[PDB]
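Have a look at the structure below, then the notes.
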Amino acid sequence: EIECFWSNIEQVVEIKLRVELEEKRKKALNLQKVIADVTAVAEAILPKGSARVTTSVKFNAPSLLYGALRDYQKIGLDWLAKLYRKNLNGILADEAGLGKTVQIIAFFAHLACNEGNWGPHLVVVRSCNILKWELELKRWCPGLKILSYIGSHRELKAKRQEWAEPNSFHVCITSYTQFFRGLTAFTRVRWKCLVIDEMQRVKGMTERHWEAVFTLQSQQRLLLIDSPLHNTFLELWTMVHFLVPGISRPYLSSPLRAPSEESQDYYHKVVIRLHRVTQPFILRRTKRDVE
Amino acid sequence: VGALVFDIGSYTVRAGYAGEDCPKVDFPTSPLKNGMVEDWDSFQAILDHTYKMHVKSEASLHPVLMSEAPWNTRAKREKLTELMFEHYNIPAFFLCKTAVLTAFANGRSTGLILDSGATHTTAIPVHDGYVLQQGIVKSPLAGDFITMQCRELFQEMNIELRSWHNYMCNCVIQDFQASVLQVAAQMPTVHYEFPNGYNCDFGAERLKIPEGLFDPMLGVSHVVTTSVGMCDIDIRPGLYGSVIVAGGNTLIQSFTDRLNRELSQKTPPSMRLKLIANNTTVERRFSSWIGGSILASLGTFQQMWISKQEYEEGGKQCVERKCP
């Protein structure tokens with residue numbers, strides 16, 4: 001009889017499964033309702049090429065990463081660890097199909113207990129692109145506290161209100177429509193690990209959104225290079241300041257705007273700066289090396 | 001006709017319906033000094049006081065279930081069924097061990113139970129819903145002992161710590177325990193105030209008083225580790241991963257915690273020893289009543305009681321036959 005009401009409690013368990021299934025159904029229903037400092041340091045540190053799988057990974061899969069790593073994934077993790085260690089924003093340019101997400105999740109779980117490094121990291125992503133990336137984040141790191149940013153303006157505002165709090169959760173996220181609705185709401189905290197991807201094809205990149213993408217507050221920032229950064233002034237000298245903040249020139253103090261001819265010469269000096277800042281962080285190579 | 005489930009525990013009586021979560025009446029119990037009915041008339045009277053004053057319902061209507069001590073003697077059970085059916089004329093009856101209900105309250109049939117009441121703290125390993133009488137270990141280092149330490153440690157403080165004053169005298173030493181007693185070595189302490197306002201800086205007394213049950217006689221850890229020794233050989237791993245605690249007397253700060261350490265360092269480290277943390281007073285105080293309330297409610301309870309019928313066809317003998 002004990003086994004019998006344990007059976008009835010097991011039908012309670014299947015009722016719980018019904019509750020979870022209805023919660024996923026309601027997920028669908030609501031979704032329907034819905035100068036060269038960092039440069040030189042990265043040149044020295046970031047292992048690349050033959051040093052993409054064979055290096056000194058002095059920080060492997062952390063305690064909080066309940067998942068494995070590819071050798072070059074471990075190396076990206078180690079480079080990110082040093083990158084924060086040296087107060088650096090850095091680009092993680094592991095080619096797509098090689099698992100940038102594994103490196104980023106491992107770095108989220110590693111930039112952690114020790115310093116207790118807890119700013120709700122970040123990932124700047126698309127509304128549609130947030131889903132799979134967050135799925136991976138919780139897959140490899142089901143322990144790291146995370147917060148999502150997609151939903152009704154009520155839910156989005158509630159999430160935004162709790163972003164300013166430091167140590168609140170490991171990882172923060174942001175889409176790009178709510179970026180229209182959250183333009184200056186993402187420059188709040190000096191996030192301990194900021195990450196930018198998909199910024200390239202953001203709709204309506206107005207000067208508003210230009211800047212808001214540019215000078216997000218961070219104690220660290222990351223970037224994913226699906227394709228090497230581009231020969232457009234704004235985006236990439238941002239990516240540079242991003243890479244080299246705290247410089248003698250505050251970002252909004254941009255030295256001459258527009259690519260005029262004289263501004264083209266000043267921009268060629270800035271392009272020397274540009275290449276030197278961007279190259280060190282491009283761990284970009286084909287599957288052939290590290291398939 | 002909602003089934004009534006009463007706990008007649010040594011120091012308080014927990015009473016209520018099967019379908020309700022809480023015993024609607026929890027009042028002080030005495031005719032249960034050793035653990036079983038010492039005074040049948042006083043026992044019968046307090047039961048009478050229960051049906052009429054505590055629940056305001058005749059016993060003749062609702063089905064009734066009573067819980068009894070694991071180590072109790074049979075003669076108590078035969079007489080209880082004799083007294084209960086004859087006097088109250090209930091339609092259906094049942095008897096279950098308090099330890100069994102706790103394991104039922106904790107939703108874990110196979111387990112080991114630690115509880116304490118008036119004068120007694122015991123260890124009872126239950127397998128497959130069956131109490132192993134041979135495995136039971138009964139110790140005197142109950143809550144009363146610790147409170148008696150409190151009372152003496154209050155008398156040495158020379159505070160002014162008819163029967164009601166004794167009830168007050170006993171009530172306070174228990175109330176002090178919950179607030180203060182935790183298991184110079186204690187650093188600055190609480191400022192607990194008596195109703196009249198008297199108090200003191202209750203220092204190491206909060207740490208030394210609880211230590212008696214571990215070291216005043218068999219400590220609680222010794223009570224249990226031996227109990228499993230006395231039981232079967234191969235089920236012992238099951239008990240260790242299923243140890244439970246119940247009883248208001250077990251409500252001391254870091255009590256369950258210190259128990260985990262004492263056992264973790266006494267059991268083989270390889271063992272999967274685990275404690276189920278029903279440490280809340282409400283959990284502990286209700287644990288026995290909860291199991292009984294669950295038991296009566298179920299749809300197979302409809303065949304498990306000793307109906308009034310069984311008692312006409314057979315006398316006291318049914319108790320040993322229907323209740324494990």
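Every number in this text was worked out from the coordinates using simple rules, so none of it is lab data. No Cβ is skipped: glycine too gets one built from the backbone with ideal geometry, and neighbour counts run over all protein chains shown.
I'd like to check which strands (runs of 3 or more DSSP E) are fully inside region B:1-84 and have at least 3 residues that are buried (at least 19 other Cβ atoms within 10 Å of the Cβ).
Details: elements: B:4-7, B:12-17, B:25-28, B:64-68.
In region B:1-84, the matching strands (runs of 3 or more DSSP E) lie at B:4-7, B:12-17, B:64-68.
For residue A:88, state whether it is in contact with a helix residue (DSSP H, G or I) (Cβ under 6 Å, 6 or more places away or on another chain), more than 14 Å from chain B (Cβ to nearest Cβ) and surrounded by 14 or more Cβ atoms within 10 Å (Cβ to Cβ). Before the answer, list the steps.
On the way: in contact with a helix residue (DSSP H, G or I) (Cβ under 6 Å, 6 or more places away or on another chain): yes; more than 14 Å from chain B (Cβ to nearest Cβ): yes; surrounded by 14 or more Cβ atoms within 10 Å (Cβ to Cβ): yes.
Yes; evaluated as a whole, the condition is true for this residue.
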Exercise for the section: Could you check residue A:79 against (1) closer than 30 Å to residue B:107 by Cβ; (2) more than 14 Å from chain B (Cβ to nearest Cβ); (3) aromatic (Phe, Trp, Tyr) and say which number it fails? Expected result: (1)
Practice task
Report, by residue number, each residue of region A:244-291 that is in contact with a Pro (Cβ under 9 Å, 6 or more places away or on another chain), surrounded by 15 or more Cβ atoms within 10 Å (Cβ to Cβ) and in a loop (DSSP other than H, G, I, E, B).
Solution key: A:251, A:282, A:283, A:284
Problem - Residue that is farthest from the chain's Cα centre (by Cα), among those in region A:1-19 that are within 12 Å of another protein chain (Cβ to nearest Cβ) and among the β-branched types (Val, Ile, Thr) - result: A:2
Practice task
Identify the residue in region A:137-190 that is touching a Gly at 6+ places or on another chain (Cβ under 8 Å) and of a type in the set (A, V, I, L, M) and, among all such residues, is farthest from residue A:221 (Cα to Cα).
Solution key: A:156
Handout entry: Count - residues of region B:176-216 that are surrounded by 14 or more Cβ atoms within 10 Å (Cβ to Cβ) and closer than 18 Å to residue B:117 by Cα
Key = 9
Exercise for the section: Report yes if residue A:22 is more than 14 Å from chain B (Cβ to nearest Cβ), surrounded by 11 or more Cβ atoms within 10 Å (Cβ to Cβ), among the acidic types (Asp, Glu) and under 30 Å from residue A:77 (Cβ atoms), otherwise no. Expected result: no
Problem - Scope region B:233-257; condition in contact with a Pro (Cβ under 9 Å, 6 or more places away or on another chain) and charged (D, E, K, R); matching residues - result: B:236
Practice task
Can you give me the number of residues within region B:119-138 that are crowded, with 20+ Cβ neighbours inside 10 Å and closer than 29 Å to residue B:202 by Cβ?
Solution key: 2
Practice task
Report yes if some residue within region B:284-305 is more than 14 Å from chain A (Cβ to nearest Cβ), outside any loop (DSSP other than H, G, I, E, B) and surrounded by fewer than 20 Cβ atoms within 10 Å (Cβ to Cβ); otherwise report no.
Solution key: no
Exercise for the section: Would you mind telling me which numbered condition in (1) β-branched (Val, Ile, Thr); (2) more than 19 Å from the chain's Cα centre (by Cα); (3) surrounded by 13 or more Cβ atoms within 10 Å (Cβ to Cβ) residue A:38 fails? Expected result: (2)
Fill in the blank from the handout: Over region B:233-275, the set of residues out of contact with any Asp or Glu (no Cβ under 6 Å at 6 or more places or on another chain), assigned to a loop (DSSP other than H, G, I, E, B) and either closer than 21 Å to residue B:122 by Cβ or of a type in the set (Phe, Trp, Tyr) (or both) is B:235, B:241, B:242, B:251, B:252, B:267, B:273, B:274
Practice task
With respect to residue B:120, determine if the residue is away from every other protein chain (no Cβ under 14 Å), of a type outside the set (S, T, N, Q) and touching a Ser or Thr at 6+ places or on another chain (Cβ under 8 Å).
Solution key: yes
Fill in the blank from the handout: Flagged pairs (Cβ under 6 angstrom, 6 or more apart or on separate chains; first in region B:270-283, surrounded by fewer than 17 Cβ atoms within 10 Å (Cβ to Cβ); second assigned to a loop (DSSP other than H, G, I, E, B)) are B:272/B:241; B:274/B:241; B:281/B:251
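Looking for something touching a strand residue (DSSP E or B) at 6+ places or on another chain (Cβ under 8 Å), surrounded by 14 or more Cβ atoms within 10 Å (Cβ to Cβ) and more than 23 Å from residue A:237 (Cα to Cα) - is there at least one such residue anywhere in region A:42-65? Walk me through how you get there before you give the answer.
Step one: of region A:42-65, the residues touching a strand residue (DSSP E or B) at 6+ places or on another chain (Cβ under 8 Å) are A:42, A:46.
When the remaining residues are screened for being surrounded by 14 or more Cβ atoms within 10 Å (Cβ to Cβ), the result is A:42, A:46.
If we keep only those that are more than 23 Å from residue A:237 (Cα to Cα) as well, we get none.
No - not one qualifying residue is present in region A:42-65.
Among residues belonging to region B:69-112 that are within 13 Å of another protein chain (Cβ to nearest Cβ) and polar (S, T, N, Q), point out the one that is nearest to residue B:300 (Cα to Cα).
Our first condition is that a residue be within 13 Å of another protein chain (Cβ to nearest Cβ); within region B:69-112, this holds for B:94, B:96, B:100-101, B:103-111.
Then drop every residue that is not polar (S, T, N, Q), which leaves B:106, B:109-110.
Values: B:106: 19, B:109: 16, B:110: 20 Å.
Residue satisfying both the conditions and the ranking: B:109.
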